[PDB]
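Asks: Mind looking over this structure? Questions follow.
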Amino acid sequence: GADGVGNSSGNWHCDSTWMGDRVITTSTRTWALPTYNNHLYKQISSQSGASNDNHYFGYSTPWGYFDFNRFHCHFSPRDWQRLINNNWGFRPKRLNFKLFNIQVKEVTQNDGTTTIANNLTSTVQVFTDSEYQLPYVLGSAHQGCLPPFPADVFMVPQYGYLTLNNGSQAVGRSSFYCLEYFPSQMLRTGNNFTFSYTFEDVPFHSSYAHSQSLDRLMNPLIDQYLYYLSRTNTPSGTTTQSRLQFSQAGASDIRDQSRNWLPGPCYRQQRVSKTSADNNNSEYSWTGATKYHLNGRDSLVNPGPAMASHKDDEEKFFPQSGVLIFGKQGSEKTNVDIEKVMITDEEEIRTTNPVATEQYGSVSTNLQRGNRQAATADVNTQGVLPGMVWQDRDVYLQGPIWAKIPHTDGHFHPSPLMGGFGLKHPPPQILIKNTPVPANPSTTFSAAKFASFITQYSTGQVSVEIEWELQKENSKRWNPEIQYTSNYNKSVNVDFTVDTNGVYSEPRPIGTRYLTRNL
Amino acid sequence: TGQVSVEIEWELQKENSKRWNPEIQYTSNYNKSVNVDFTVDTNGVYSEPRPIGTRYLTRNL
Amino acid sequence: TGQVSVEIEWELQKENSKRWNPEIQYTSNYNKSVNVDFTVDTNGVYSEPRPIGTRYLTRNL
Amino acid sequence: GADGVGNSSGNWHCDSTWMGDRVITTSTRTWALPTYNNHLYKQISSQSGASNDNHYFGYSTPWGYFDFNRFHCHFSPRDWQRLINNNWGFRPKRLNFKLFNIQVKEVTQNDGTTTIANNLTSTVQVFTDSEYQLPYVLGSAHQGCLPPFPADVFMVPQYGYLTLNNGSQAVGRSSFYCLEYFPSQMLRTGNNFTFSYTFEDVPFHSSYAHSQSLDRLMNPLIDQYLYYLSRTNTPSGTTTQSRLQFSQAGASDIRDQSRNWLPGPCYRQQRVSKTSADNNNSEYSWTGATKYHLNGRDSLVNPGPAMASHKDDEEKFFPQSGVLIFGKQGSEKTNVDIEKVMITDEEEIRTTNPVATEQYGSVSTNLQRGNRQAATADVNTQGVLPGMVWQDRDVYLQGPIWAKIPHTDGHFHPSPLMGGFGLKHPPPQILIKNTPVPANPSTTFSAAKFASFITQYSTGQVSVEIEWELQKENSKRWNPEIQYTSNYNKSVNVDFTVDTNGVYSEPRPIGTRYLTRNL
């Protein structure tokens, strides 16, 4: 804190710089914090009637929180293009955070019109846990981000959490956390708040696409010295007899060649098309879904393991849940049409990961003999076999930056499914509250709890700064790369700009992988 | 109106005992229930279900 | 015949938790019984009544 | 431990010395230790049918223990007479303990006659808890002391303990202690054991008797200046009228004088006589007893609070349980006659403590008025009132030296009831065991527990040394004191000596208080 009431508690840093190695990003927004719940905790549970897998049990706090998990908070559409076109990889070294210029207003509903006036003595209290002692809500891809466009004002979302349940009823192991029981900093008008954070080592995200499929690793000019079994039986006469022949695989085959590697694992998806006439007429939405079954209830697998989507020369098809889906500007919550959503497309992983809608391969069912013919079956699911390789999912732009690895005895490879950077100790949650002000107590002592409070809210500015490390590309490719370009044709509205009514919108998803590497 | 803060320092006396079999302890019931004990209800009212005394661990006379 | 002695050093990891309501603990039943649990009987035969697992205290995932 | 098998592990000190301030005592005995229970713990409970107050629940260990709680262990009859006749008080400063010359024998029952031979490789294991973590059995006045006469050999008693019960069944709070779970020292033939101990401060025991009763503190020659109400009404005529007169109390009254002090508290006893013809014909033994009621069961109060016994010029009477009772040489356990027991007599406390068989005093029941006459009742019980004084019970000779104060939130005036010195940290228990030797296991692995062991026992010598502090008397009394004297008349046998068959016996109890002090 500092001097106040007529002295600002901070300026607007809010700039982007590029040092040739690392990137430094800063952004600033204006927020408004309501009082939630009327200053009291409440338990919340699902409805009486409900599906067995829709039940939940939890609590809802008066507190509220700041979250920037999304890139578009930290990157303009232009700054996003120094990154993509010019770089193979990037990772989040370090960040910095602060709040300033806090001011608290009180409102009076007298008569039919409200009035709003400053309360200079009121306070706001803020803390960051940083010991990871609370349930961690971030990384679930909720709403309430800092707006992508710097001039908008946003509303701070409410905080809540869930724990173990049986039906709609709690179990004995379920925990209840009172946020009032942490140390926090009470900020009056002239006071300000700061903290800084340091990311743990994490591998770079890969913004390259491969220039070679795992099918073809070799030169067609030269034959292998290994043999495979080419032909099972021979035409000895008008009737064939069994004779085993062997061959060496050259450029005329290439399906029969020996290899050191296999594609990544798969957990299979249903296929649907964007053309409405193609798809079947029924509800398969839930029945045809791919699911995992945990403790007697089923849960859809929305992102799934990373897989190529539409195969080759079919754009029309995408896996049912297998991809991320973003909404356009101003889309309603429920039952919205096809042209309102923006469906992501991942074709860049064809070279390693298998297509989401097709089988991994085929495997031999039985042992052949003289009188019993061979047979085989398609394998729809694979775990990880020694000697396989894969890629991860794009981070895109408006998608999530990081997620927290659960605390467990084992985990295989941590990278999270939606995208981005798995962290064992991610950026800590920041929680904020309006301190309650009692209103006009009775003259005689009571001992009952106060039901009456002054109605008030607060507002101010918030600033975030992150340092990013870059991985440059060095490549001998002769011919030019594919780049991200805005169309040069004329239009009614420019892309990624405000319209005539002052509404900022994002036309399309933008993925991170354009530049090409060889496998 | 305003805020008030209290801090107290307490001294502890540890137990050293050769008893072979296990002690009686204070435990919250593991069975399911509509409301958890020592927590707020659906209307936001905090309550204490039962009195809790201090003497569980055993000494020999 | 003779005697044998074994000594092991164990390292512990303490819990730090903000949970408001009390944990589930392992407790021996306070009701009366013919024999105490985890003790010798009238013929001098030591027995273990039930398996005891290690995980009671709770963490958040 | 030390060199062994042909070298002794210790000598016999065993002597008494007097330095003019403190006394130093040493004694040595020979012991024999059997194996108990066949090397295994057992729970023990009362019988199925039994009185509600006779139930118990506990355990019996293979271990056994050394106890000297009794003076006659540490004092001959002559050494006991420097103490009594020459001293006002004594207390136990310090002690020292050791075991030596351990030897272990194994016995073979083959045919109809046993043979006994050395086992040189066998061991004995001994420990002292000293942290007071076990149930403390000592101070309950059990048998198994070191013999009073140095030439006898004694048998080491078995150890056991009790805990909470409900009926004959255990409760959940009852504890089970395995003595194998303490550190102990394993002693082979040439090895020896030692430890020393230091008593905490304790007030001297009082071996004086008072030369003044609390009745008479004053000189008869002079009158008091205080007044009391001598006479309630006056003979105004043939009929008396009420007039209050007052008087000063001189030597002709002395019952009416003012005093600063009161006698000690009382909890009353029934009276019986040594003459058989006097007592009533019935069983009042249990019904006429004085008892305390704890948790729904009744327990006799055997010693009771310290009180004078037979009043004055009645020797014939003694309180029912109110006194200690010792048996003569070779008395049977149950239903023994009057002349076999030795009943102690405490008359020396008349001057302060009230007689055990009579009331403390009388107290006014009601408020008088014109038409209602005064009334009063006898008070059979008193707690402690401010400004009272009392004395404690004699320690005698063959009675117990000390006891352990229970560990509790409060206790009033710790001195124990049987007699002697209450200690918060008394001398620790010493526990001893024969290490088990397996016998001839089967050739094929079993995993069952061994039921078969070599039959063997051990023996050796034990030595105890205690330092005592003395409090000398300084008195101006002109005429000679009462002393303890052995009768000079001829007799068949001398007192406190062996008989013609070699049996040592103690003729009478000997208390500690002879020399006189003024109150």
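Here, A, B, ... name the chains of the structure tokens in the order displayed, residue numbers run from 1 inside each chain, and ligands are numbered from 1 in the same displayed order.
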Residues of chain A within 12 Å of chain C, using only C-alpha atoms, as a ChimeraX atom specification?

Replies: /A:129,131-137,161-164,171-183,404-409

Asks: Keeping only N, CA, C and O atoms, take the residues you just selected and write them out as a compact mmCIF listing (two decimals), in the first residue's frame.

Replies:
# COMPACT_ATOMS: atom_id res chain seq x y z
N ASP A 129 -2.99 -18.33 -2.58
CA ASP A 129 -2.70 -19.45 -1.69
C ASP A 129 -1.25 -19.91 -1.84
O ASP A 129 -0.51 -19.99 -0.85
N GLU A 131 0.42 -22.29 -1.78
CA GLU A 131 0.72 -23.61 -1.25
C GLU A 131 -0.22 -24.68 -1.78
O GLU A 131 -0.13 -25.83 -1.34
N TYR A 132 -1.14 -24.32 -2.67
CA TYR A 132 -1.94 -25.30 -3.40
C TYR A 132 -2.85 -26.07 -2.45
O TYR A 132 -3.12 -27.25 -2.64
N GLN A 133 -3.31 -25.39 -1.40
CA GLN A 133 -4.14 -26.00 -0.38
C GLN A 133 -5.62 -25.99 -0.70
O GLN A 133 -6.38 -26.74 -0.07
N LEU A 134 -6.07 -25.18 -1.65
CA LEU A 134 -7.46 -25.15 -2.08
C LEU A 134 -7.70 -26.08 -3.25
O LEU A 134 -6.77 -26.44 -3.97
N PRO A 135 -8.95 -26.48 -3.47
CA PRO A 135 -9.30 -27.07 -4.77
C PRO A 135 -8.93 -26.11 -5.88
O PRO A 135 -9.12 -24.90 -5.77
N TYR A 136 -8.38 -26.65 -6.96
CA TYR A 136 -7.86 -25.82 -8.04
C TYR A 136 -8.86 -25.84 -9.18
O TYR A 136 -8.98 -26.83 -9.90
N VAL A 137 -9.56 -24.72 -9.35
CA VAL A 137 -10.61 -24.62 -10.36
C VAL A 137 -10.05 -24.32 -11.73
O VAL A 137 -10.65 -24.69 -12.75
N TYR A 161 -16.45 -24.98 -5.40
CA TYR A 161 -15.72 -26.24 -5.56
C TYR A 161 -16.62 -27.42 -5.22
O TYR A 161 -17.65 -27.27 -4.57
N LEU A 162 -16.19 -28.59 -5.67
CA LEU A 162 -16.91 -29.84 -5.47
C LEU A 162 -16.02 -30.83 -4.73
O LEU A 162 -14.80 -30.75 -4.80
N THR A 163 -16.66 -31.77 -4.03
CA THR A 163 -15.95 -32.86 -3.38
C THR A 163 -16.73 -34.16 -3.52
O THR A 163 -17.73 -34.21 -4.25
N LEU A 164 -16.28 -35.21 -2.84
CA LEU A 164 -16.91 -36.51 -2.93
C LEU A 164 -18.40 -36.45 -2.62
O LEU A 164 -18.84 -35.70 -1.75
N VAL A 171 -20.32 -37.71 1.45
CA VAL A 171 -19.70 -38.86 2.10
C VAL A 171 -18.95 -38.31 3.31
O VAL A 171 -18.92 -37.09 3.51
N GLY A 172 -18.33 -39.17 4.11
CA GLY A 172 -17.60 -38.70 5.27
C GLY A 172 -16.25 -38.10 4.97
O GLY A 172 -15.71 -37.37 5.80
N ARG A 173 -15.69 -38.40 3.80
CA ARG A 173 -14.37 -37.88 3.47
C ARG A 173 -14.42 -36.50 2.84
O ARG A 173 -13.37 -35.87 2.69
N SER A 174 -15.59 -36.02 2.47
CA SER A 174 -15.69 -34.73 1.80
C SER A 174 -15.23 -33.61 2.71
O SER A 174 -15.46 -33.62 3.92
N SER A 175 -14.56 -32.63 2.11
CA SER A 175 -13.90 -31.57 2.85
C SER A 175 -14.61 -30.24 2.63
O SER A 175 -15.21 -30.01 1.58
N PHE A 176 -14.53 -29.38 3.63
CA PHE A 176 -15.10 -28.05 3.58
C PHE A 176 -14.01 -27.03 3.90
O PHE A 176 -13.38 -27.12 4.95
N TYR A 177 -13.81 -26.08 2.99
CA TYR A 177 -12.74 -25.10 3.11
C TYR A 177 -13.36 -23.72 3.31
O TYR A 177 -14.19 -23.29 2.51
N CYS A 178 -12.95 -23.04 4.37
CA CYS A 178 -13.36 -21.67 4.64
C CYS A 178 -12.23 -20.74 4.21
O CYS A 178 -11.14 -20.78 4.79
N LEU A 179 -12.48 -19.92 3.20
CA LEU A 179 -11.45 -19.02 2.71
C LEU A 179 -11.11 -17.92 3.69
O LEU A 179 -10.05 -17.30 3.56
N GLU A 180 -11.97 -17.66 4.68
CA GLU A 180 -11.68 -16.67 5.70
C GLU A 180 -10.55 -17.09 6.61
O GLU A 180 -10.08 -16.26 7.40
N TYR A 181 -10.13 -18.34 6.54
CA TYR A 181 -9.17 -18.90 7.47
C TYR A 181 -7.74 -18.84 6.93
O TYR A 181 -6.83 -19.33 7.58
N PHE A 182 -7.54 -18.24 5.74
CA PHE A 182 -6.24 -17.88 5.20
C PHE A 182 -5.84 -16.47 5.61
O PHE A 182 -6.69 -15.61 5.84
N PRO A 183 -4.55 -16.19 5.68
CA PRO A 183 -4.10 -14.80 5.76
C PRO A 183 -4.33 -14.07 4.45
O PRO A 183 -4.05 -14.60 3.38
N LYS A 404 -2.88 -28.09 -14.30
CA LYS A 404 -2.19 -28.60 -13.12
C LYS A 404 -2.23 -30.12 -13.11
O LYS A 404 -3.31 -30.72 -13.14
N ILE A 405 -1.07 -30.75 -13.04
CA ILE A 405 -1.07 -32.22 -12.91
C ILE A 405 -1.66 -32.59 -11.56
O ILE A 405 -1.27 -32.01 -10.54
N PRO A 406 -2.59 -33.55 -11.51
CA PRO A 406 -3.08 -34.00 -10.21
C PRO A 406 -1.96 -34.59 -9.37
O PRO A 406 -0.93 -35.02 -9.89
N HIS A 407 -2.18 -34.63 -8.07
CA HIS A 407 -1.15 -35.12 -7.16
C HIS A 407 -1.44 -36.59 -6.94
O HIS A 407 -2.40 -36.95 -6.26
N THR A 408 -0.60 -37.47 -7.49
CA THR A 408 -0.90 -38.89 -7.56
C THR A 408 0.39 -39.70 -7.54
O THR A 408 1.48 -39.18 -7.77
N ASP A 409 0.25 -41.00 -7.26
CA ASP A 409 1.42 -41.87 -7.17
C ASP A 409 2.06 -42.10 -8.53
O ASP A 409 3.27 -42.30 -8.61

Asks: Output as a list in words all residues of segment 70-300 of chain D that backbone DSSP marks as helix (DSSP H, G or I).

Replies: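 Matching residues, listed in order: residues 71, 72, 73, 74, 80, 81, 82, 83, 84, 85, 86, 179, 180 and 181 of chain D.
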
Asks: Could you save those same residues with N, CA and C atoms as a compact mmCIF listing (two decimals), in the first residue's frame?

Replies:
# COMPACT_ATOMS: atom_id res chain seq x y z
N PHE D 71 10.99 -52.24 56.08
CA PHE D 71 12.15 -51.84 56.85
C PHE D 71 12.97 -53.04 57.29
N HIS D 72 12.31 -54.12 57.73
CA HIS D 72 13.06 -55.22 58.31
C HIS D 72 14.06 -55.80 57.33
N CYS D 73 13.88 -55.52 56.04
CA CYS D 73 14.91 -55.85 55.07
C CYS D 73 16.18 -55.07 55.36
N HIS D 74 16.05 -53.79 55.69
CA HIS D 74 17.19 -52.90 55.82
C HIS D 74 17.66 -52.70 57.26
N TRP D 80 17.78 -50.97 64.58
CA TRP D 80 16.53 -50.24 64.64
C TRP D 80 16.45 -49.40 65.91
N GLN D 81 17.34 -49.63 66.88
CA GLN D 81 17.31 -48.97 68.17
C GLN D 81 18.31 -47.80 68.33
N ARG D 82 19.17 -47.55 67.39
CA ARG D 82 19.84 -46.29 67.43
C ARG D 82 18.87 -45.24 66.97
N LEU D 83 18.08 -45.63 65.99
CA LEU D 83 17.12 -44.82 65.28
C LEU D 83 16.04 -44.36 66.23
N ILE D 84 15.26 -45.31 66.74
CA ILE D 84 14.12 -45.01 67.60
C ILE D 84 14.51 -44.21 68.83
N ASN D 85 15.31 -44.80 69.71
CA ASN D 85 15.55 -44.18 71.00
C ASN D 85 16.30 -42.87 70.88
N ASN D 86 17.18 -42.76 69.90
CA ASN D 86 18.09 -41.64 69.82
C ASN D 86 17.69 -40.53 68.85
N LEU D 179 6.21 -56.73 28.23
CA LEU D 179 7.49 -56.39 28.81
C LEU D 179 8.65 -56.69 27.88
N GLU D 180 8.44 -57.52 26.86
CA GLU D 180 9.49 -57.81 25.89
C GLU D 180 9.82 -56.61 25.03
N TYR D 181 9.02 -55.57 25.09
CA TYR D 181 9.14 -54.43 24.20
C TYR D 181 9.96 -53.30 24.82

Asks: Would you pick out the contacts of residue 517 of chain A at 7 Å or less, using only C-alpha atoms, so that residues sharing its chain but fewer than 3 positions from it are not included, and give the list as a list in words?

Replies: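 Listed by chain and then number, they are residues 208, 209, 210 and 211 of chain A.
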
Asks: Take the selection from the previous step and output its residues with C-alpha atoms, as a CSV table (one decimal), in the first residue's frame.

Replies:
chain,number,residue,atom,x,y,z
A,208,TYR,CA,6.4,-27.3,-36.4
A,209,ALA,CA,4.6,-29.7,-38.7
A,210,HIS,CA,6.5,-32.7,-40.1
A,211,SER,CA,7.6,-32.9,-43.7

Asks: Between B:27, B:13, B:54, B:5, which residue has the minimum interatomic distance to chain C, considering only C-alpha atoms?

Replies: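 Ranking B:27, B:13, B:54, B:5 by distance to chain C, first place goes to B:27.
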
Asks: Mind checking DSSP for segment 125-161 of chain D and telling me the strand (DSSP E) residues as a ChimeraX atom specification?

Replies: /D:125-128,153-155,158-161

Asks: State, in Å with one decimal place, the distance from atom CA of residue 305 of chain D to atom CA of residue 200 of chain D.

Replies: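 Taking atom CA of residue 305 of chain D as the start and atom CA of residue 200 of chain D as the end point, the length is 24.5 Å.
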
Asks: Need the shell around residue 462 of chain A: protein/DNA/RNA residues with any atom at most 8 Å away, counting only C-alpha atoms. Skip same-chain ones fewer than 6 positions apart. Format as number ranges by chain?

Replies: A: 28-31, 97-100

Asks: Excluding residue 26 of chain D and its own-chain neighbours fewer than 6 positions away, which residues fall within 8 Å of it when counting only C-alpha atoms? Please give them as a PyMOL selection string.

Replies: chain D and resi 13-16+74+463-466

Asks: Kindly export the residues of the current selection with N, CA and C atoms, as a tab-separated table (two decimals), in the first residue's frame.

Replies:
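Just written: selection_35.tsv:
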chain	number	residue	atom	x	y	z
D	13	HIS	N	29.04	-56.91	50.56
D	13	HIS	CA	29.39	-55.84	51.47
D	13	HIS	C	28.58	-55.97	52.71
D	14	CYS	N	27.32	-55.62	52.58
D	14	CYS	CA	26.37	-56.05	53.62
D	14	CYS	C	26.80	-55.65	55.04
D	15	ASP	N	26.73	-54.35	55.31
D	15	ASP	CA	27.11	-53.84	56.63
D	15	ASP	C	26.31	-52.58	56.92
D	16	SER	N	26.30	-52.17	58.19
D	16	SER	CA	25.64	-50.95	58.63
D	16	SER	C	26.64	-50.04	59.34
D	74	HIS	N	16.05	-53.79	55.69
D	74	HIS	CA	17.19	-52.90	55.82
D	74	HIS	C	17.66	-52.70	57.26
D	463	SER	N	22.07	-57.37	46.26
D	463	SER	CA	22.57	-56.48	47.29
D	463	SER	C	21.88	-55.13	47.16
D	464	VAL	N	21.49	-54.55	48.30
D	464	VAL	CA	20.80	-53.27	48.33
D	464	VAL	C	21.48	-52.40	49.37
D	465	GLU	N	21.63	-51.12	49.06
D	465	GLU	CA	22.23	-50.15	49.97
D	465	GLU	C	21.40	-48.88	49.95
D	466	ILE	N	21.06	-48.36	51.13
D	466	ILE	CA	20.28	-47.14	51.25
D	466	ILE	C	20.97	-46.21	52.23

Asks: What is the atom CA of residue 34 of chain A-atom CA of residue 159 of chain A distance in Å, reported with one decimal?

Replies: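 Between these atoms lies a distance of 12.3 Å.
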
Asks: What's the separation between atom CA of residue 341 of chain A and atom CA of residue 318 of chain A, in Å to one decimal place?

Replies: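 Distance reported for this atom pair: 13.7 Å.
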